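Residue numbers (the authors' numbering), protein chains in the order written: chain F, 64 to 413; chain N, 2 to 193; chain H, 2 to 193; chain I, 2 to 193.
Here a beta-carbon is modelled for each residue, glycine too, at the ideal position from N, C-alpha and C.
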Ligand SMILES: Nc1ncnc2c1ncn2[C@@H]1O[C@H](COP(=O)(O)OP(=O)(O)OP(O)(O)=S)[C@@H](O)[C@H]1O
């Protein structure tokens, strides 16, 4: 039922500056609903499932894409992690843990588990570490991928429903995994150097070679578009694991100017939250372009600038918020760039 | 002593020497006098890069007071034979043979530093023995001088007569004059 | 002999030599006489740091009695070409060429120890042969002397005529005098 | 040859050379003649220890017949610049420059072995050339002698006049007499 154009229009409200990734995901999810909705008991049967592989820089909005999609989407969503997993009954974590976590979102309904979607972060962290004379059995490395192969393709694993009140139940449910979708994505480290050597030019250390002058001036994203499965082999991934994820996403980067868009265009932008918080009091909140620019530089300086907007904004308005109820006959509040630095106090209009 | 550095990769950490790290980026260093051992080592490096990638540009930094001619001519034919464009840069100094390898680089990919200096002269030699043998070694070194001037004109664009007059004695050429002489293409003053 | 140290990292323990450990922190050592081999090694170190980070300041400690001029001028052009600010420090002594690379550092990031000593003189050379050849090498070394005085004045701010008079003979300059002469910015007596 | 030892750690066993093992415990060795290479290596060791811990005392064992003055003065300024107290010990012998680095240690943390011996004299030099150049080098070495005597009085507490008379010629000082002269603090006869 959901049309890719309609679902993309809704996602644009929550995502800024990422278009290629939206088209890729829209087709898959639409096919997934169609695959599960349509019985498919026709001449052609057992339709294949195109799993999605998301690639992008840290703090690019990957978690929001899955969660914001899950908010409007009816089916349940979960956020698992790959680093915790440890193969062959090791101390860290059994693979089966992912499935039991899904059931809580599905209220222990098997039919709802096939409908829902799963997301995994930090997938690059389990890249095949290749040190020959150390172990030769990398639990954190290659070994984990081998266990996920059968999981993604499809199999049934016993899962105690609800954990059981006590030994009395001692039963397990059979949960299919073929129809379940899997979204495995993580910010790969050092991948840009791998593709530069083989694709564009004789770059590097030397004089004529292009230096990394555009560390922050330009976005590396355009390079990721030319990524292919063969390049991931050098990274450590097994070809069998890559075959399980045919689709690929780019998610080039977030821009300083995009941060300004994130504060004004989105429905859940911080500006709209505080604006409504003060509107009820008969006060108006005004943000100036100079103030936004200062916020961008401060967020860029710290790690994961996208996740640090709350701290910068909250500290700036913490003092003003304390005195706003006490103050009377104040209808507007003005914030300046100097205030963001902390050397100035916001202007008050009566 | 040579310092050791660490290059970070997805598989793990790898330790490289300063010279080997630059070799990974298609960069070769030509230091000191040109001899049979030093020259044969550079040839092996170029061939290794050819097999790894025949389409990527190579960068050759030259800082040497020159040396044997026969050792240097092996490198010149190699640079022209292989498909990749061998970019040349002059750092510090480039003598007679260092200048010949400098201009032999790919056209349009030759640079010289703002304070570098190039010097060119005629081949040096000598022999001791019978008069019949002195005539033989004299005719051979004379052919080389003629051959070295013909190739110098080809890359520099000057006439063979001009190279003959300028190479009769030692001739130092500053960095700006080298550009005007067709020996190089530009100067890398600052990074852009 | 070179001692080995252990650097603790999240991945694990790694063994490094004392010189390589400091190289990781953008620190290069210039020790002994300046020659073609020692100079060509420092150039690769500077370039290696440029790729890692072109926005972090580099520190260059110099303790050397000087040496060849052509080997030193390759380092001078490198410091000015690359974007990072090459901080220079004088430890023990800084001769003619060591002083030229010292003052060539970034303005405001040049230091000298309280008891260090700098010495400056004119270029040295010589030749043996026909009178025609002596005139050629004499004109060449004269240009260098003029060129070395022009660049020294550019960073020190002094006049070309003053540098010419002070470089006619050996001239020793104490650490305080270097500040008054514009050669350095301050002295790192104690840590603050 | 250098023996290899094994240091047991929680992570695992690690093999270390005898000099690197002691370096982990903030111990540096000053052996042989003082030159530009040996001095430049010790300076890097002090800096490495400063970053690891700036509040732990450093121990410097000196056994050397002295050497170049300029190489040693770089170490003296370094010891005074850094915050940690550089403990100095004289083993075997401490010549003119070795004695200056010995007494330059932190007050109250300077020791000398019961059978060690210290020798002090004036700076040595020489020059060959025109009379105008000899006068320049003579004034320079005279400043060093005056500067070296001023600092000796500062740390030893004696007067400048006394240091001038005692340093006119070679003067040997036994371990007990060094205490009476203010050069050291005590003697480490036995462990308590
Ligand atoms: N398109 C966007 N619109 C609005 N805010 C965004 C957007 N993209 C990222 N953000 C901000 O970035 C924060 C982190 O988003 P995430 O999806 O967690 O990024 P991330 O790259 O997935 O981080 P990882 O991979 O989980 S470490 C969010 O809480 C938002 O504040």
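Worksheet item: Within the present structure, is the beta-carbon of residue 370 of chain F separated from the nearest heavy atom of ligand 1 by less than 6 Å?
Response: Remark: the C-beta of residue 370 of chain F is in contact range of ligand 1, defined as less than 6 Å to any heavy atom.
Fill in: Residues near residue 172 of chain N in its chain [Cβ-Cβ closer than 8 Å; skip 5 each side]
Its chain contains 120, 121, 122 as the residues whose beta carbon lies nearer than 8 Å to that of residue 172 of chain N, once the 5 sequence neighbours on both sides are disregarded; these appear in chain order.
Practice prompt. Verify the contact flag: residue 284 of chain F, CB atom, against every heavy atom of ligand 1, threshold strictly below 6 Å.
Written response: No, the Cβ of residue 284 of chain F stays beyond 6 Å of every heavy atom of ligand 1.
Practice prompt. Express the C-alpha separation of residue 324 of chain F and residue 79 of chain H in angstroms, rounding to a whole number.
Written response: Cα-Cα distance, rounded: 42 Å.
Worksheet item: At which residues does the beta strand (DSSP E) containing residue 15 of chain H begin and terminate?
Response: Residues 14 to 18.
Item to complete: Quick one: which unbroken beta strand (DSSP E) runs of 3-plus residues sit fully inside the segment 98 to 151 of chain I? Chain order, please.
Response: Entirely contained in the segment 98 to 151 of chain I, the beta strand (DSSP E) runs reaching 3 residues are, in chain order, 111 to 113, 118 to 121.
Worksheet entry | Amino acids of chain H, ordered along the chain, whose beta-carbon sits closer than 7 Å to that of residue 164 of chain F | Ordered by position in chain H, no residue passes the 7 Å Cβ test against residue 164 of chain F, which lies about 28 Å from the chain.
Discussion item. Buried or exposed, going by whether 16 or more other CB atoms sit within 10 Å of the CB of residue 49 of chain I?
Written reply: Buried.
Fill in: Contact belief for residue 310 of chain F with residue 115 of chain F at Cβ below 8 Å, rounded distance in angstroms
Between residue 115 of chain F and residue 310 of chain F the Cβ distance is about 5 Å, and since that is below 8 Å, they are a contact.
Worksheet item: Relative to the C-alpha of residue 107 of chain I, which residue among I:28, I:58, I:47 is closest?
Response: Nearest option by C-alpha distance: I:58.
Worksheet item: In this structure, what does DSSP give as the bridge partners for residue 64 of chain N?
Response: In the DSSP assignment, residue 64 of chain N forms a beta bridge with N:32.
Practice prompt. List the whole-angstrom C-beta distance separating residue 70 of chain N from residue 145 of chain N, where the pair is believed to meet the contact cut-off of C-beta under 8 Å.
Written response: Sure, about 6 Å apart at Cβ, within 8 Å.
Worksheet item: What whole-angstrom Cβ distance do residue 116 of chain H and residue 98 of chain I have, given they're in contact under 8 Å?
Response: That belief does not hold up - the Cβ atoms of residue 116 of chain H and residue 98 of chain I are roughly 12 Å apart, past 8 Å.
Item to complete: Examine ligand 1 and report whether any of its heavy atoms sits within less than 6 Å of the Cβ of residue 188 of chain F.
Response: The answer is no for residue 188 of chain F.
Discussion item. According to DSSP, is residue 158 of chain N part of a helix, a strand, or is it coil?
Written reply: In the structure shown, the three-state DSSP call for residue 158 of chain N is coil.
Item to complete: Rounded to whole angstroms, what's the CA-CA distance from residue 132 of chain F to residue 122 of chain F? Just pull it up for me.
Response: Approximately 17 Å, taken between the alpha carbons.
Worksheet entry | Beta-carbon proximity list for residue 81 of chain H, same chain, < 8 Å, skipping 5 on both sides | Excluding five sequence positions before and after residue 81 of chain H, the CB atoms of its chain that fall closer than 8 Å to its own CB belong to 105, given in chain order.
Discussion item. On the criterion of 16 or more Cβ atoms from any shown chain inside 10 Å, does residue 95 of chain N qualify as buried, or is it exposed?
Written reply: Residue 95 of chain N is buried by the Cβ-count criterion.
Item to complete: Specify the secondary structure class of residue 52 of chain H as computed by DSSP and reduced to three states.
Response: In the structure shown, residue 52 of chain H sits in a helix (DSSP, three-state: H, G or I).
Fill in: Closest residue to residue 164 of chain H among H:187, H:34, H:129, H:149 (Cα-Cα distance)
Across the set H:187, H:34, H:129, H:149, the C-alpha of H:149 shows the shortest separation from the C-alpha of residue 164 of chain H.
Item to complete: For my contact list, residue 201 of chain H and residue 185 of chain I are in at a C-beta cut-off of 8 Å; report their separation, rounded to the angstrom.
Response: Nothing can be reported for residue 201 of chain H, as the shown portion of chain H is limited to 2 through 193.
Discussion item. Less than 7 Å between the beta carbons of residue 112 of chain N and residue 65 of chain N, yes or no?
Written reply: Not in contact: residue 112 of chain N and residue 65 of chain N (Cβ atoms no closer than 7 Å).
Practice prompt. Could you check the C-alpha separation between residue 28 of chain H and residue 61 of chain H for me, to the nearest Å?
Written response: The straight-line gap from Cα to Cα measures roughly 6 Å.
Worksheet item: Which residue spans inside the segment 89 to 139 of chain F form an unbroken beta strand (DSSP E) run of at least 3?
Response: Counting whole runs of 3 or more residues, the segment 89 to 139 of chain F contains the beta strand (DSSP E) stretches 115 to 117.
Item to complete: Using a cut-off of 8 Å between C-beta atoms, extract the partners of residue 26 of chain N located in chain F.
Response: The contacting residues are 265, 266, 267, 268, 269, 272.
Worksheet item: With distances taken from CA atoms, which of I:63, I:143, I:103 is nearest residue 169 of chain I?
Response: Ranking the options by Cα distance to residue 169 of chain I, first place goes to I:143.
Practice prompt. With residue 179 of chain I as the anchor, note down where its beta strand (DSSP E) starts and where it stops.
Written response: In this chain, residue 179 of chain I is not harboured by any beta strand (DSSP E); it is covered by the alpha helix (DSSP H) spanning 176 to 181.
Practice prompt. Apply the 10 Å Cβ neighbour rule to residue 215 of chain F and answer buried if 16 or more other Cβ atoms are within range, or exposed otherwise.
Written response: Buried, by the Cβ-count rule.
Worksheet item: Is it true that the segment 139 to 147 of chain F meets the segment 176 to 187 of chain F, where meeting means three or more beta-carbon pairs spaced less than 8 Å apart?
Response: The segment 139 to 147 of chain F, when compared against the segment 176 to 187 of chain F, does touch it at the 8 Å Cβ threshold.
Worksheet item: Going by the beta-carbon positions, is the gap between residue 316 of chain F and residue 359 of chain F smaller than 7 Å?
Response: Remark: C-beta atoms of residue 316 of chain F and residue 359 of chain F do not approach each other more closely than 7 Å.
Worksheet item: Which residues, in chain order, does the segment 38 to 67 of chain H contribute to contact with chain F at a C-beta distance below 7 Å?
Response: Against chain F - using a Cβ distance shorter than 7 Å - the residues of the segment 38 to 67 of chain H are 48, 49, 51, 52, 55.
Discussion item. Please report whether the beta-carbon of residue 97 of chain H lies at a distance below 7 Å from any beta-carbon of chain N.
Written reply: At least 7 Å separates the CB of residue 97 of chain H from every CB of chain N.
Item to complete: Identify whether residue 343 of chain F lies in helix, strand or coil by the three-state DSSP scheme.
Response: Annotated three-state conformation of residue 343 of chain F is coil, per DSSP.
Discussion item. If you measure between the beta carbons of residue 20 of chain I and residue 4 of chain H, is that distance less than 7 Å?
Written reply: Yes.
Worksheet item: Does the distance from the CB of residue 46 of chain I to the CB of residue 68 of chain I come in under 7 Å?
Response: Not a contact, by the Cβ cut-off of 7 Å.
Worksheet item: For the 8 Å Cβ check, are there 3 or more pairs between the segment 95 to 115 of chain F and the segment 232 to 248 of chain F?
Response: Yes, the segment 95 to 115 of chain F is in contact with the segment 232 to 248 of chain F.
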